[PDB]
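Working notes, beginning with the structure itself.
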Amino acid sequence: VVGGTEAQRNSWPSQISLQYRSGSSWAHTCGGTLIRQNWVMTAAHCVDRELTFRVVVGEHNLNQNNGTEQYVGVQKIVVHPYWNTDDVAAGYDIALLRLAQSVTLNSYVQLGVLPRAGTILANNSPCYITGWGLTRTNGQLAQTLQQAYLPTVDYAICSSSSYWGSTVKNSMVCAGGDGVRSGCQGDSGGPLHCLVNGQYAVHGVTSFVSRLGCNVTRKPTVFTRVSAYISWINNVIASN
Ligand SMILES: [Ca+2]
């Protein structure tokens, strides 16, 4: 997250850290959202490579023991059938991970609230992006969970020539673009928390930013619109 601030520890309890094994150590690569005690929602491009993955819930500081963490392996990876790694702009950047074991829900680990199917947010709706991603374009990961206020930019505006153009589809959500705050590598797969009817619900899965950089004016961070995949998500978890 570029231009963010440290989140209160465990204040976004559904946020998870997706890590892969490199040699004898682990490395954070993406964010994700705990949607069931044994299911995590993340981006399809996060699990494109064939690596050994593990999920960490209740995490805050990636380099030290917070005394609230739970580590669990990934038993099954279900990528959306239409995902095309060579065309992130085509959408479908979403994947569900079945954990090897059910995590224990508590003060630091809770399920993320998903929007009702088809829900579209009005322009400039209040949302927050969270993650351990780069804090600057081509910079380095954050040690502690970061958050940044990132209001939405509706489809009409986001798909206009002044912004992303035809690169963005109606199956995506745009947020930010103020040139100061944005998501960045490492935030991918993470949530976009938006305030709806008094509660924060996960409306987006961090998907991509401009090749020019993370925080670029009029180039909002783009997210997979969760509400477009509710039926798919329910069908996977009910038959797996
Ligand atoms: Ca920690």
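Lettering and numbering for the structure tokens are positional, with chains as A, B, ... in the shown order, residues counted from 1 in each chain, and ligands counted from 1 in the shown order.
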
Can I get the residues close to ligand 1 as a PyMOL selection string, where close means within 8 Å and we count only C-alpha atoms and all ligand atoms?
-> chain A and resi 59-69

Under the rule of at most 9 Å, produce a per-residue listing of segment 29-58 of chain A near segment 174-196 of chain A: chain, number, name, the closest pair of atoms, and the distance in Å, as a Markdown table, using only C-alpha atoms.
```
| residue | atom | partner | partner_atom | distance |
| --- | --- | --- | --- | --- |
| A:29 | CA | A:186 | CA | 5.4 |
| A:30 | CA | A:186 | CA | 4.9 |
| A:31 | CA | A:190 | CA | 4.0 |
| A:32 | CA | A:190 | CA | 4.3 |
| A:33 | CA | A:191 | CA | 6.3 |
| A:41 | CA | A:189 | CA | 7.5 |
| A:42 | CA | A:189 | CA | 4.2 |
| A:43 | CA | A:189 | CA | 4.1 |
| A:44 | CA | A:189 | CA | 7.7 |
| A:45 | CA | A:189 | CA | 8.1 |
| A:46 | CA | A:189 | CA | 6.7 |
```

Store the residues of this selection in a file with N, CA, C and O atoms, as a PDB file, in the first residue's frame.
```pdb
ATOM      1  N   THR A  29       3.631 -13.116  -0.574  1.00  0.00           N
ATOM      2  CA  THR A  29       3.485 -12.794  -1.986  1.00  0.00           C
ATOM      3  C   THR A  29       2.158 -12.098  -2.275  1.00  0.00           C
ATOM      4  O   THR A  29       2.071 -11.268  -3.180  1.00  0.00           O
ATOM      5  N   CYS A  30       1.130 -12.415  -1.492  1.00  0.00           N
ATOM      6  CA  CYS A  30      -0.185 -11.823  -1.718  1.00  0.00           C
ATOM      7  C   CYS A  30      -1.052 -11.729  -0.473  1.00  0.00           C
ATOM      8  O   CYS A  30      -0.754 -12.325   0.563  1.00  0.00           O
ATOM      9  N   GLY A  31      -2.144 -10.983  -0.608  1.00  0.00           N
ATOM     10  CA  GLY A  31      -3.099 -10.846   0.471  1.00  0.00           C
ATOM     11  C   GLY A  31      -4.263 -11.765   0.133  1.00  0.00           C
ATOM     12  O   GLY A  31      -4.244 -12.457  -0.891  1.00  0.00           O
ATOM     13  N   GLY A  32      -5.277 -11.780   0.986  1.00  0.00           N
ATOM     14  CA  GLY A  32      -6.433 -12.623   0.748  1.00  0.00           C
ATOM     15  C   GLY A  32      -7.470 -12.332   1.810  1.00  0.00           C
ATOM     16  O   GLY A  32      -7.203 -11.564   2.735  1.00  0.00           O
ATOM     17  N   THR A  33      -8.647 -12.929   1.678  1.00  0.00           N
ATOM     18  CA  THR A  33      -9.715 -12.720   2.645  1.00  0.00           C
ATOM     19  C   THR A  33     -10.257 -14.062   3.125  1.00  0.00           C
ATOM     20  O   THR A  33     -10.588 -14.929   2.320  1.00  0.00           O
ATOM     21  N   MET A  41     -10.288 -16.324  -0.021  1.00  0.00           N
ATOM     22  CA  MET A  41     -10.522 -15.747  -1.335  1.00  0.00           C
ATOM     23  C   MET A  41      -9.321 -14.878  -1.674  1.00  0.00           C
ATOM     24  O   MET A  41      -8.897 -14.058  -0.861  1.00  0.00           O
ATOM     25  N   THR A  42      -8.762 -15.059  -2.865  1.00  0.00           N
ATOM     26  CA  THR A  42      -7.604 -14.272  -3.270  1.00  0.00           C
ATOM     27  C   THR A  42      -7.636 -14.073  -4.785  1.00  0.00           C
ATOM     28  O   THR A  42      -8.643 -14.370  -5.426  1.00  0.00           O
ATOM     29  N   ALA A  43      -6.556 -13.552  -5.356  1.00  0.00           N
ATOM     30  CA  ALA A  43      -6.510 -13.328  -6.797  1.00  0.00           C
ATOM     31  C   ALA A  43      -5.963 -14.558  -7.511  1.00  0.00           C
ATOM     32  O   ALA A  43      -5.088 -15.252  -6.992  1.00  0.00           O
ATOM     33  N   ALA A  44      -6.484 -14.829  -8.701  1.00  0.00           N
ATOM     34  CA  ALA A  44      -6.019 -15.969  -9.475  1.00  0.00           C
ATOM     35  C   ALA A  44      -4.540 -15.819  -9.848  1.00  0.00           C
ATOM     36  O   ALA A  44      -3.803 -16.807  -9.870  1.00  0.00           O
ATOM     37  N   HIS A  45      -4.091 -14.597 -10.133  1.00  0.00           N
ATOM     38  CA  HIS A  45      -2.692 -14.428 -10.522  1.00  0.00           C
ATOM     39  C   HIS A  45      -1.712 -14.668  -9.381  1.00  0.00           C
ATOM     40  O   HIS A  45      -0.507 -14.756  -9.601  1.00  0.00           O
ATOM     41  N   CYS A  46      -2.230 -14.790  -8.163  1.00  0.00           N
ATOM     42  CA  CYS A  46      -1.383 -15.051  -7.003  1.00  0.00           C
ATOM     43  C   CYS A  46      -1.022 -16.522  -6.923  1.00  0.00           C
ATOM     44  O   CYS A  46       0.011 -16.892  -6.360  1.00  0.00           O
TER      45      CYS A  46
END
```

How would you write, as a PyMOL selection string, the set of residues in segment 11-230 of chain A that DSSP gives as helix (DSSP H, G or I)?
-> chain A and resi 44-47+88-90+155-158+165-167+226-228+230

Could you take the residues named above and write them with C-alpha atoms, as a JSON list (two decimals), in the first residue's frame?
```json
[["chain", "number", "residue", "atom", "x", "y", "z"],
["A", 44, "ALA", "CA", -6.02, -15.97, -9.47],
["A", 45, "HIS", "CA", -2.69, -14.43, -10.52],
["A", 46, "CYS", "CA", -1.38, -15.05, -7.00],
["A", 47, "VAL", "CA", -1.66, -18.79, -7.43],
["A", 88, "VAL", "CA", -5.43, -9.80, -16.62],
["A", 89, "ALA", "CA", -7.51, -7.06, -18.25],
["A", 90, "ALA", "CA", -10.05, -9.68, -19.32],
["A", 155, "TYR", "CA", -17.35, 2.25, -14.06],
["A", 156, "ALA", "CA", -18.54, 5.09, -16.30],
["A", 157, "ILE", "CA", -15.71, 7.32, -15.07],
["A", 158, "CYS", "CA", -13.06, 4.61, -14.68],
["A", 165, "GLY", "CA", -10.38, 3.25, -20.88],
["A", 166, "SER", "CA", -11.44, -0.14, -22.25],
["A", 167, "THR", "CA", -8.80, -1.86, -20.10],
["A", 226, "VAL", "CA", -16.63, -9.67, -5.66],
["A", 227, "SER", "CA", -20.39, -9.13, -6.15],
["A", 228, "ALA", "CA", -20.08, -10.42, -9.73],
["A", 230, "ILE", "CA", -21.15, -14.57, -5.49]]
```

What are the DSSP strand (DSSP E) residues of segment 8-217 of chain A, as a short mmCIF file (atom, residue, chain, number, x, y, z; two decimals) with N, CA, C and O atoms, in the first residue's frame?
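File written: states09.cif
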```cif
data_model
loop_
_atom_site.label_atom_id
_atom_site.label_comp_id
_atom_site.auth_asym_id
_atom_site.auth_seq_id
_atom_site.Cartn_x
_atom_site.Cartn_y
_atom_site.Cartn_z
N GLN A 15 -8.27 -10.28 6.99
CA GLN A 15 -7.09 -10.15 6.14
C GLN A 15 -6.10 -11.28 6.39
O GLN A 15 -5.74 -11.56 7.54
N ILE A 16 -5.65 -11.93 5.32
CA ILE A 16 -4.67 -13.00 5.47
C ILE A 16 -3.43 -12.72 4.65
O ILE A 16 -3.45 -11.89 3.74
N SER A 17 -2.33 -13.39 5.00
CA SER A 17 -1.09 -13.26 4.27
C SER A 17 -0.88 -14.59 3.56
O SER A 17 -0.90 -15.65 4.21
N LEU A 18 -0.72 -14.54 2.25
CA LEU A 18 -0.50 -15.74 1.45
C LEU A 18 1.00 -15.79 1.20
O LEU A 18 1.56 -14.85 0.63
N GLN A 19 1.64 -16.87 1.62
CA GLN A 19 3.08 -17.00 1.48
C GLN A 19 3.47 -18.27 0.74
O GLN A 19 2.71 -19.24 0.70
N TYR A 20 4.65 -18.26 0.13
CA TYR A 20 5.12 -19.44 -0.59
C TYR A 20 6.48 -19.82 -0.03
O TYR A 20 7.19 -18.98 0.53
N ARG A 21 6.85 -21.09 -0.18
CA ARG A 21 8.13 -21.56 0.32
C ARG A 21 9.23 -21.36 -0.71
O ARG A 21 9.08 -21.72 -1.87
N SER A 22 10.33 -20.76 -0.27
CA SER A 22 11.48 -20.54 -1.14
C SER A 22 12.67 -21.10 -0.38
O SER A 22 13.22 -20.45 0.50
N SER A 25 12.73 -21.19 3.75
CA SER A 25 12.04 -20.05 4.36
C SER A 25 10.76 -19.72 3.61
O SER A 25 10.49 -20.26 2.54
N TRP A 26 9.96 -18.83 4.19
CA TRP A 26 8.70 -18.43 3.58
C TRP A 26 8.73 -16.96 3.21
O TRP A 26 9.41 -16.16 3.85
N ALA A 27 7.99 -16.60 2.16
CA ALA A 27 7.94 -15.23 1.70
C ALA A 27 6.51 -14.81 1.36
O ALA A 27 5.79 -15.54 0.69
N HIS A 28 6.13 -13.63 1.83
CA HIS A 28 4.80 -13.10 1.56
C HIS A 28 4.73 -12.75 0.08
O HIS A 28 5.66 -12.15 -0.46
N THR A 29 3.63 -13.12 -0.57
CA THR A 29 3.48 -12.79 -1.99
C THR A 29 2.16 -12.10 -2.27
O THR A 29 2.07 -11.27 -3.18
N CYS A 30 1.13 -12.41 -1.49
CA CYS A 30 -0.19 -11.82 -1.72
C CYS A 30 -1.05 -11.73 -0.47
O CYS A 30 -0.75 -12.33 0.56
N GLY A 31 -2.14 -10.98 -0.61
CA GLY A 31 -3.10 -10.85 0.47
C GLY A 31 -4.26 -11.76 0.13
O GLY A 31 -4.24 -12.46 -0.89
N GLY A 32 -5.28 -11.78 0.99
CA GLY A 32 -6.43 -12.62 0.75
C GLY A 32 -7.47 -12.33 1.81
O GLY A 32 -7.20 -11.56 2.74
N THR A 33 -8.65 -12.93 1.68
CA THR A 33 -9.72 -12.72 2.64
C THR A 33 -10.26 -14.06 3.13
O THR A 33 -10.59 -14.93 2.32
N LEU A 34 -10.33 -14.23 4.44
CA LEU A 34 -10.87 -15.46 5.02
C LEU A 34 -12.39 -15.37 4.89
O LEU A 34 -13.01 -14.48 5.47
N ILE A 35 -13.00 -16.27 4.11
CA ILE A 35 -14.45 -16.23 3.93
C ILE A 35 -15.21 -17.36 4.64
O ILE A 35 -16.42 -17.28 4.83
N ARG A 36 -14.48 -18.40 5.02
CA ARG A 36 -15.01 -19.54 5.77
C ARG A 36 -13.86 -19.99 6.64
O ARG A 36 -12.71 -19.63 6.37
N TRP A 39 -11.77 -21.65 4.06
CA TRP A 39 -11.70 -21.13 2.70
C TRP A 39 -11.19 -19.69 2.67
O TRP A 39 -11.59 -18.86 3.47
N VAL A 40 -10.30 -19.42 1.72
CA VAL A 40 -9.73 -18.09 1.55
C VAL A 40 -9.98 -17.61 0.12
O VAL A 40 -9.90 -18.38 -0.83
N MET A 41 -10.29 -16.32 -0.02
CA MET A 41 -10.52 -15.75 -1.33
C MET A 41 -9.32 -14.88 -1.67
O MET A 41 -8.90 -14.06 -0.86
N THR A 42 -8.76 -15.06 -2.87
CA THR A 42 -7.60 -14.27 -3.27
C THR A 42 -7.64 -14.07 -4.79
O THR A 42 -8.64 -14.37 -5.43
N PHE A 53 2.20 -23.21 -1.01
CA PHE A 53 1.61 -22.06 -0.33
C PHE A 53 1.13 -22.36 1.08
O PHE A 53 0.79 -23.49 1.41
N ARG A 54 1.11 -21.32 1.91
CA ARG A 54 0.59 -21.45 3.26
C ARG A 54 -0.13 -20.14 3.54
O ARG A 54 0.20 -19.10 2.95
N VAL A 55 -1.12 -20.19 4.41
CA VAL A 55 -1.88 -19.01 4.76
C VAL A 55 -1.64 -18.69 6.22
O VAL A 55 -1.56 -19.59 7.05
N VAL A 56 -1.51 -17.40 6.51
CA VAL A 56 -1.30 -16.94 7.87
C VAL A 56 -2.44 -16.00 8.26
O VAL A 56 -2.65 -14.97 7.61
N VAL A 57 -3.19 -16.38 9.29
CA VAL A 57 -4.30 -15.54 9.75
C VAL A 57 -3.88 -14.90 11.07
O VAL A 57 -2.97 -15.39 11.74
N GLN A 70 -1.81 -17.81 13.25
CA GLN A 70 -2.18 -19.20 13.02
C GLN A 70 -1.69 -19.50 11.61
O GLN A 70 -2.00 -18.75 10.68
N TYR A 71 -0.92 -20.57 11.46
CA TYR A 71 -0.36 -20.95 10.16
C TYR A 71 -1.06 -22.21 9.66
O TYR A 71 -1.18 -23.19 10.38
N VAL A 72 -1.52 -22.18 8.41
CA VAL A 72 -2.21 -23.33 7.86
C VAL A 72 -1.85 -23.55 6.39
O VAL A 72 -1.64 -22.60 5.64
N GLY A 73 -1.77 -24.82 5.99
CA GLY A 73 -1.44 -25.13 4.62
C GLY A 73 -2.63 -25.01 3.69
O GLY A 73 -3.77 -24.87 4.14
N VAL A 74 -2.37 -25.06 2.39
CA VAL A 74 -3.41 -24.97 1.37
C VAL A 74 -3.60 -26.35 0.76
O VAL A 74 -2.69 -26.92 0.17
N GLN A 75 -4.81 -26.89 0.92
CA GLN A 75 -5.16 -28.22 0.44
C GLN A 75 -5.62 -28.26 -1.01
O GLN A 75 -5.30 -29.20 -1.74
N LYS A 76 -6.37 -27.26 -1.43
CA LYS A 76 -6.87 -27.22 -2.79
C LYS A 76 -6.95 -25.79 -3.31
O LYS A 76 -7.27 -24.87 -2.56
N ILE A 77 -6.67 -25.62 -4.59
CA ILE A 77 -6.72 -24.31 -5.21
C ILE A 77 -7.70 -24.34 -6.37
O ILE A 77 -7.52 -25.10 -7.32
N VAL A 78 -8.75 -23.53 -6.28
CA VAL A 78 -9.76 -23.46 -7.33
C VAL A 78 -9.73 -22.09 -7.99
O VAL A 78 -10.21 -21.11 -7.43
N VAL A 79 -9.17 -22.04 -9.19
CA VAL A 79 -9.08 -20.79 -9.94
C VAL A 79 -10.32 -20.67 -10.81
O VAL A 79 -10.87 -21.67 -11.26
N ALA A 95 -9.67 -16.52 -7.09
CA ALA A 95 -9.42 -17.93 -6.79
C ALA A 95 -9.81 -18.21 -5.35
O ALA A 95 -9.75 -17.33 -4.49
N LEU A 96 -10.22 -19.45 -5.10
CA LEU A 96 -10.61 -19.85 -3.75
C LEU A 96 -9.63 -20.91 -3.29
O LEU A 96 -9.29 -21.83 -4.04
N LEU A 97 -9.16 -20.78 -2.05
CA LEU A 97 -8.20 -21.73 -1.51
C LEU A 97 -8.82 -22.49 -0.36
O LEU A 97 -9.30 -21.90 0.60
N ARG A 98 -8.83 -23.82 -0.45
CA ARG A 98 -9.37 -24.62 0.63
C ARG A 98 -8.18 -24.91 1.54
O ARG A 98 -7.18 -25.47 1.11
N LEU A 99 -8.30 -24.52 2.81
CA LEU A 99 -7.22 -24.73 3.76
C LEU A 99 -7.21 -26.18 4.25
O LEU A 99 -8.25 -26.82 4.32
N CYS A 127 -14.08 3.39 1.04
CA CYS A 127 -13.47 2.06 1.12
C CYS A 127 -12.03 2.21 1.59
O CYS A 127 -11.43 3.28 1.48
N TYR A 128 -11.48 1.11 2.09
CA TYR A 128 -10.10 1.07 2.55
C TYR A 128 -9.41 -0.15 1.95
O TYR A 128 -10.00 -1.23 1.88
N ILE A 129 -8.17 0.03 1.51
CA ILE A 129 -7.41 -1.10 1.00
C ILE A 129 -6.42 -1.44 2.12
O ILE A 129 -5.95 -0.54 2.82
N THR A 130 -6.15 -2.73 2.31
CA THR A 130 -5.20 -3.15 3.34
C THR A 130 -4.24 -4.17 2.75
O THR A 130 -4.60 -4.89 1.82
N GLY A 131 -3.03 -4.22 3.29
CA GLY A 131 -2.05 -5.17 2.80
C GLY A 131 -0.63 -4.89 3.26
O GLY A 131 -0.35 -3.85 3.87
N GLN A 146 -0.68 -2.34 6.47
CA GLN A 146 -0.97 -0.95 6.13
C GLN A 146 -2.40 -0.80 5.63
O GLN A 146 -3.01 -1.75 5.13
N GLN A 147 -2.94 0.41 5.76
CA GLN A 147 -4.28 0.70 5.28
C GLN A 147 -4.27 2.09 4.67
O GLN A 147 -3.49 2.95 5.07
N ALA A 148 -5.13 2.30 3.68
CA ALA A 148 -5.24 3.60 3.03
C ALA A 148 -6.68 3.81 2.58
O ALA A 148 -7.32 2.90 2.06
N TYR A 149 -7.18 5.02 2.81
CA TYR A 149 -8.53 5.37 2.40
C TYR A 149 -8.51 5.42 0.88
O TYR A 149 -7.73 6.18 0.30
N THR A 152 -14.13 4.76 -4.16
CA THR A 152 -14.37 4.21 -5.48
C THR A 152 -14.52 5.25 -6.59
O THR A 152 -14.78 6.42 -6.34
N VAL A 153 -14.32 4.78 -7.82
CA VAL A 153 -14.46 5.56 -9.03
C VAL A 153 -15.38 4.66 -9.86
O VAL A 153 -14.97 3.57 -10.25
N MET A 172 -15.16 -5.30 -12.70
CA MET A 172 -14.08 -4.79 -11.87
C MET A 172 -14.53 -3.56 -11.10
O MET A 172 -15.51 -2.91 -11.45
N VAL A 173 -13.80 -3.25 -10.04
CA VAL A 173 -14.07 -2.07 -9.23
C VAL A 173 -12.80 -1.23 -9.23
O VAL A 173 -11.70 -1.78 -9.08
N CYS A 174 -12.93 0.07 -9.43
CA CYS A 174 -11.78 0.97 -9.40
C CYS A 174 -11.89 1.79 -8.12
O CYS A 174 -12.99 2.17 -7.73
N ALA A 175 -10.75 2.06 -7.50
CA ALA A 175 -10.72 2.86 -6.27
C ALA A 175 -9.40 3.62 -6.21
O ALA A 175 -8.36 3.10 -6.61
N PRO A 191 -8.13 -7.59 0.15
CA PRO A 191 -9.46 -6.98 0.09
C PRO A 191 -9.53 -5.46 -0.06
O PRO A 191 -8.56 -4.74 0.19
N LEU A 192 -10.70 -5.02 -0.50
CA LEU A 192 -11.02 -3.60 -0.60
C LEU A 192 -12.25 -3.62 0.30
O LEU A 192 -13.27 -4.21 -0.06
N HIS A 193 -12.14 -3.02 1.48
CA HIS A 193 -13.23 -2.99 2.45
C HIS A 193 -14.06 -1.73 2.22
O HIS A 193 -13.53 -0.63 2.27
N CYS A 194 -15.36 -1.89 1.97
CA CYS A 194 -16.21 -0.74 1.73
C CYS A 194 -17.38 -0.68 2.71
O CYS A 194 -18.02 -1.69 2.98
N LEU A 195 -17.65 0.52 3.21
CA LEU A 195 -18.72 0.74 4.18
C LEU A 195 -20.09 0.76 3.51
O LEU A 195 -20.40 1.68 2.74
N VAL A 196 -20.90 -0.24 3.81
CA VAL A 196 -22.24 -0.35 3.25
C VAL A 196 -23.22 -0.70 4.36
O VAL A 196 -23.04 -1.69 5.07
N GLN A 199 -21.78 -1.48 7.88
CA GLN A 199 -20.74 -2.49 8.07
C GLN A 199 -19.79 -2.55 6.89
O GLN A 199 -20.16 -2.26 5.75
N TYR A 200 -18.54 -2.93 7.16
CA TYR A 200 -17.54 -3.06 6.12
C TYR A 200 -17.67 -4.43 5.48
O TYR A 200 -17.69 -5.45 6.17
N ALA A 201 -17.77 -4.44 4.16
CA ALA A 201 -17.90 -5.68 3.41
C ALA A 201 -16.78 -5.70 2.37
O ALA A 201 -16.34 -4.65 1.93
N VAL A 202 -16.32 -6.89 1.99
CA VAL A 202 -15.25 -6.98 1.01
C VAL A 202 -15.82 -6.94 -0.41
O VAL A 202 -16.36 -7.94 -0.90
N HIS A 203 -15.69 -5.79 -1.05
CA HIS A 203 -16.20 -5.59 -2.40
C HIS A 203 -15.19 -5.83 -3.50
O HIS A 203 -15.55 -5.94 -4.67
N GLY A 204 -13.91 -5.90 -3.15
CA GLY A 204 -12.92 -6.11 -4.18
C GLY A 204 -11.75 -6.99 -3.79
O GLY A 204 -11.43 -7.16 -2.61
N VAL A 205 -11.13 -7.58 -4.81
CA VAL A 205 -9.95 -8.42 -4.65
C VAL A 205 -8.91 -7.68 -5.50
O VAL A 205 -9.07 -7.56 -6.71
N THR A 206 -7.87 -7.17 -4.86
CA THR A 206 -6.83 -6.41 -5.55
C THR A 206 -6.28 -7.18 -6.74
O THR A 206 -5.76 -8.28 -6.59
N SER A 207 -6.39 -6.58 -7.93
CA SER A 207 -5.95 -7.24 -9.16
C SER A 207 -4.77 -6.59 -9.88
O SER A 207 -3.76 -7.24 -10.13
N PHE A 208 -4.87 -5.31 -10.22
CA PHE A 208 -3.75 -4.69 -10.90
C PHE A 208 -3.67 -3.17 -10.83
O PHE A 208 -4.63 -2.49 -10.46
#
```

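The shortest atom-to-atom distance to residue 80 of chain A, with only C-alpha atoms taken into account, belongs to A:48 out of A:210, A:48, A:109, A:198.
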
Once you count only C-alpha atoms, what closest atom pair and distance in Å to one decimal does each residue of segment 77-168 of chain A within 12 Å of segment 213-216 of chain A have, with rows by chain and rising residue number, as a Markdown table?
```
| residue | atom | partner | partner_atom | distance |
| --- | --- | --- | --- | --- |
| A:133 | CA | A:214 | CA | 10.6 |
| A:134 | CA | A:214 | CA | 8.9 |
| A:135 | CA | A:214 | CA | 9.3 |
| A:136 | CA | A:214 | CA | 7.4 |
| A:137 | CA | A:214 | CA | 5.4 |
| A:138 | CA | A:213 | CA | 8.0 |
| A:139 | CA | A:214 | CA | 10.3 |
| A:148 | CA | A:215 | CA | 12.0 |
| A:150 | CA | A:215 | CA | 11.5 |
| A:163 | CA | A:216 | CA | 10.2 |
| A:164 | CA | A:216 | CA | 11.2 |
```

Save out the residues we just selected, N, CA and C atoms, as a tab-separated table (two decimals), in the first residue's frame.
```tsv
chain	number	residue	atom	x	y	z
A	133	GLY	N	1.83	-5.06	1.00
A	133	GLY	CA	2.51	-4.79	-0.26
A	133	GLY	C	3.49	-3.64	-0.23
A	134	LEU	N	4.19	-3.43	-1.35
A	134	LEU	CA	5.18	-2.36	-1.45
A	134	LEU	C	4.62	-1.02	-1.01
A	135	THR	N	5.43	-0.24	-0.30
A	135	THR	CA	4.99	1.06	0.18
A	135	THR	C	5.36	2.18	-0.80
A	136	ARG	N	6.03	1.81	-1.88
A	136	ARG	CA	6.43	2.73	-2.94
A	136	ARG	C	6.62	1.93	-4.21
A	137	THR	N	6.44	2.57	-5.36
A	137	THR	CA	6.63	1.89	-6.63
A	137	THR	C	8.06	1.37	-6.63
A	138	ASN	N	8.23	0.09	-6.95
A	138	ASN	CA	9.54	-0.56	-6.98
A	138	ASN	C	10.26	-0.47	-5.64
A	139	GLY	N	9.49	-0.39	-4.55
A	139	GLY	CA	10.08	-0.31	-3.23
A	139	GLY	C	10.11	-1.67	-2.55
A	148	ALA	N	-5.13	2.30	3.68
A	148	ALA	CA	-5.24	3.60	3.03
A	148	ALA	C	-6.68	3.81	2.58
A	150	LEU	N	-9.36	4.63	0.24
A	150	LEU	CA	-9.39	4.56	-1.21
A	150	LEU	C	-10.83	4.55	-1.75
A	163	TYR	N	-9.24	7.96	-17.85
A	163	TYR	CA	-8.74	7.04	-16.84
A	163	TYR	C	-8.15	5.76	-17.43
A	164	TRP	N	-8.82	4.63	-17.20
A	164	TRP	CA	-8.34	3.35	-17.69
A	164	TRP	C	-8.82	2.95	-19.08
```

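Using only C-alpha atoms, the nearest neighbour of residue 229 of chain A within the list A:91, A:106, A:145, A:159 is A:91.
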